[PDB]
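As provided, entry.tsv (TSV, N, CA, C and O atoms) reads as follows.
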chain	number	residue	atom	x	y	z
A	1	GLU	N	216.51	70.47	147.89
A	1	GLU	CA	215.23	69.83	148.31
A	1	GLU	C	214.73	68.87	147.22
A	1	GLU	O	214.67	69.22	146.05
A	2	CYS	N	214.37	67.67	147.59
A	2	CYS	CA	213.88	66.68	146.57
A	2	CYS	C	213.10	65.55	147.24
A	2	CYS	O	213.67	64.54	147.65
A	3	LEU	N	211.80	65.69	147.36
A	3	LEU	CA	210.98	64.61	147.99
A	3	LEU	C	210.50	63.62	146.92
A	3	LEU	O	210.24	63.99	145.79
A	4	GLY	N	210.39	62.36	147.27
A	4	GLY	CA	209.93	61.34	146.28
A	4	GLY	C	208.45	61.55	145.95
A	4	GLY	O	207.77	62.34	146.58
A	5	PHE	N	207.94	60.84	144.97
A	5	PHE	CA	206.50	61.00	144.60
A	5	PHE	C	205.60	60.43	145.71
A	5	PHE	O	205.77	59.31	146.15
A	6	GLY	N	204.64	61.21	146.16
A	6	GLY	CA	203.72	60.73	147.23
A	6	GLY	C	204.38	60.90	148.60
A	6	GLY	O	204.20	60.09	149.49
A	7	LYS	N	205.14	61.96	148.79
A	7	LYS	CA	205.81	62.18	150.10
A	7	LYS	C	205.19	63.39	150.81
A	7	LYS	O	204.94	64.41	150.20
A	8	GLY	N	204.93	63.28	152.09
A	8	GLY	CA	204.31	64.41	152.85
A	8	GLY	C	205.19	65.66	152.74
A	8	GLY	O	206.33	65.67	153.18
A	9	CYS	N	204.68	66.71	152.16
A	9	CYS	CA	205.48	67.97	152.01
A	9	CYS	C	204.58	69.20	152.19
A	9	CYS	O	203.37	69.10	152.31
A	10	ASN	N	205.17	70.37	152.20
A	10	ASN	CA	204.37	71.62	152.37
A	10	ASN	C	204.16	72.29	151.00
A	10	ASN	O	205.10	72.53	150.29
A	11	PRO	N	202.91	72.57	150.69
A	11	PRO	CA	202.58	73.22	149.39
A	11	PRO	C	203.05	74.68	149.37
A	11	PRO	O	203.33	75.23	148.33
A	12	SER	N	203.13	75.31	150.52
A	12	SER	CA	203.59	76.74	150.57
A	12	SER	C	205.09	76.83	150.25
A	12	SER	O	205.51	77.67	149.48
A	13	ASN	N	205.89	75.96	150.83
A	13	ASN	CA	207.36	75.99	150.55
A	13	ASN	C	207.69	75.13	149.33
A	13	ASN	O	208.57	75.45	148.56
A	14	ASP	N	206.97	74.04	149.15
A	14	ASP	CA	207.21	73.12	147.99
A	14	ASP	C	208.62	72.51	148.05
A	14	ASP	O	209.59	73.13	147.66
A	15	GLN	N	208.73	71.30	148.54
A	15	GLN	CA	210.07	70.64	148.63
A	15	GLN	C	210.12	69.38	147.74
A	15	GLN	O	210.98	68.53	147.90
A	16	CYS	N	209.22	69.25	146.78
A	16	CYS	CA	209.24	68.05	145.89
A	16	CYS	C	210.39	68.17	144.88
A	16	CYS	O	210.94	69.23	144.67
A	17	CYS	N	210.75	67.07	144.25
A	17	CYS	CA	211.87	67.12	143.26
A	17	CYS	C	211.36	67.61	141.90
A	17	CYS	O	210.42	67.07	141.34
A	18	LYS	N	211.97	68.64	141.36
A	18	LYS	CA	211.53	69.18	140.04
A	18	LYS	C	211.94	68.22	138.91
A	18	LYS	O	211.26	68.12	137.90
A	19	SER	N	213.04	67.53	139.06
A	19	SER	CA	213.50	66.58	137.99
A	19	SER	C	212.45	65.47	137.76
A	19	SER	O	212.29	65.00	136.65
A	20	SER	N	211.74	65.07	138.79
A	20	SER	CA	210.71	64.00	138.62
A	20	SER	C	209.31	64.62	138.44
A	20	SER	O	208.31	63.96	138.62
A	21	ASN	N	209.24	65.89	138.07
A	21	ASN	CA	207.91	66.56	137.88
A	21	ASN	C	207.01	66.36	139.10
A	21	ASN	O	205.90	65.88	139.00
A	22	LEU	N	207.50	66.71	140.27
A	22	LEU	CA	206.69	66.53	141.51
A	22	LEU	C	206.32	67.90	142.10
A	22	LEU	O	207.16	68.78	142.22
A	23	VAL	N	205.08	68.08	142.47
A	23	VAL	CA	204.64	69.39	143.06
A	23	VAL	C	203.87	69.14	144.36
A	23	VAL	O	203.10	68.20	144.46
A	24	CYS	N	204.07	69.96	145.36
A	24	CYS	CA	203.34	69.75	146.65
A	24	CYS	C	201.86	70.12	146.49
A	24	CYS	O	201.52	71.24	146.16
A	25	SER	N	200.98	69.17	146.73
A	25	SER	CA	199.52	69.45	146.59
A	25	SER	C	198.98	70.12	147.85
A	25	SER	O	199.57	70.02	148.92
A	26	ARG	N	197.86	70.79	147.75
A	26	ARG	CA	197.27	71.46	148.95
A	26	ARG	C	196.27	70.52	149.63
A	26	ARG	O	196.22	70.43	150.84
A	27	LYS	N	195.48	69.83	148.85
A	27	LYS	CA	194.48	68.88	149.43
A	27	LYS	C	195.20	67.62	149.94
A	27	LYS	O	194.88	67.09	150.99
A	28	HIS	N	196.16	67.14	149.20
A	28	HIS	CA	196.91	65.91	149.62
A	28	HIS	C	198.15	66.29	150.44
A	28	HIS	O	198.67	65.48	151.18
A	29	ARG	N	198.62	67.52	150.32
A	29	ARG	CA	199.82	67.97	151.09
A	29	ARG	C	201.01	67.02	150.84
A	29	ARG	O	201.73	66.66	151.75
A	30	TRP	N	201.21	66.63	149.61
A	30	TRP	CA	202.34	65.70	149.29
A	30	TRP	C	202.86	65.95	147.86
A	30	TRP	O	202.35	66.79	147.14
A	31	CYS	N	203.87	65.22	147.45
A	31	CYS	CA	204.42	65.41	146.08
A	31	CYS	C	203.52	64.69	145.06
A	31	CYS	O	203.34	63.49	145.13
A	32	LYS	N	202.96	65.41	144.13
A	32	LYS	CA	202.08	64.78	143.11
A	32	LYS	C	202.68	64.93	141.71
A	32	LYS	O	203.39	65.88	141.43
A	33	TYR	N	202.38	64.01	140.82
A	33	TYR	CA	202.93	64.10	139.43
A	33	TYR	C	201.85	64.64	138.49
A	33	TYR	O	200.75	64.11	138.42
A	34	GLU	N	202.15	65.68	137.76
A	34	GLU	CA	201.14	66.26	136.82
A	34	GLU	C	201.12	65.45	135.52
A	34	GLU	O	202.10	65.41	134.79
A	35	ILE	N	200.02	64.81	135.22
A	35	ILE	CA	199.92	64.00	133.97
A	35	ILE	C	198.86	64.59	133.03
A	35	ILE	O	199.02	64.22	131.87
Transcribe the structure of this file into C-alpha cells.
Amino acid sequence: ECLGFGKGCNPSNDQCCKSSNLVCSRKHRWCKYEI
C-alpha cells in the first residue's frame, strides 16, 4: 500500500506510503505529511 501525498485514504486502515512520511488524516481523510 502506498498512496501519494494528499490522496483520499482511510485513517482506520491507513494506506499512505511510509517512505514519504504520509499518514491518513481523520479530518481530511487523506495522506498528510508530518512537518
List every residue of chain A that DSSP, applied to the backbone, labels as strand (DSSP E or B), and write the result as a PyMOL selection string.
chain A and resi 3+8+16+22-24+30-33
Shell of 9 Å around residue A:25, only C-alpha atoms, local chain residues under 3 positions omitted, as a ChimeraX atom specification
/A:9-11,14,28-32
Take atom CA of residue A:12 and atom CA of residue A:26 and report the distance between them in Å, one decimal.
8.4 Å
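We find atom O of residue A:16 and atom O of residue A:35 to be spaced 18.2 Å apart.
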Just the residues within 4.5 Å of residue A:17, please, counting all atoms listed in the file, with nothing from its chain fewer than 4 positions along; format it as an mmCIF file with N, CA, C and O atoms, keeping the file's coordinate frame.
data_model
loop_
_atom_site.group_PDB
_atom_site.id
_atom_site.type_symbol
_atom_site.label_atom_id
_atom_site.label_comp_id
_atom_site.auth_asym_id
_atom_site.auth_seq_id
_atom_site.Cartn_x
_atom_site.Cartn_y
_atom_site.Cartn_z
ATOM 1 N N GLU A 1 216.510 70.470 147.890
ATOM 2 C CA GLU A 1 215.230 69.830 148.310
ATOM 3 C C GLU A 1 214.730 68.870 147.220
ATOM 4 O O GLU A 1 214.670 69.220 146.050
ATOM 5 N N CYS A 2 214.370 67.670 147.590
ATOM 6 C CA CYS A 2 213.880 66.680 146.570
ATOM 7 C C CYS A 2 213.100 65.550 147.240
ATOM 8 O O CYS A 2 213.670 64.540 147.650
ATOM 9 N N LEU A 3 211.800 65.690 147.360
ATOM 10 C CA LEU A 3 210.980 64.610 147.990
ATOM 11 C C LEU A 3 210.500 63.620 146.920
ATOM 12 O O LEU A 3 210.240 63.990 145.790
ATOM 13 N N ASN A 21 209.240 65.890 138.070
ATOM 14 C CA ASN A 21 207.910 66.560 137.880
ATOM 15 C C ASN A 21 207.010 66.360 139.100
ATOM 16 O O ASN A 21 205.900 65.880 139.000
ATOM 17 N N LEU A 22 207.500 66.710 140.270
ATOM 18 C CA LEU A 22 206.690 66.530 141.510
ATOM 19 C C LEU A 22 206.320 67.900 142.100
ATOM 20 O O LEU A 22 207.160 68.780 142.220
#
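The gap separating atom CA of residue A:6 from atom O of residue A:18 is 14.1 Å, in Å to one decimal.
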Calculate, to one decimal in Å, the centre and edge lengths of the box along x, y and z of the file that holds all listed atoms of stretch 16-25 of chain A with 4 Å of margin on each side, and present them as lines of an AutoDock Vina configuration file.
center_x = 206.2
center_y = 67.6
center_z = 142.8
size_x = 22.5
size_y = 15.3
size_z = 20.3
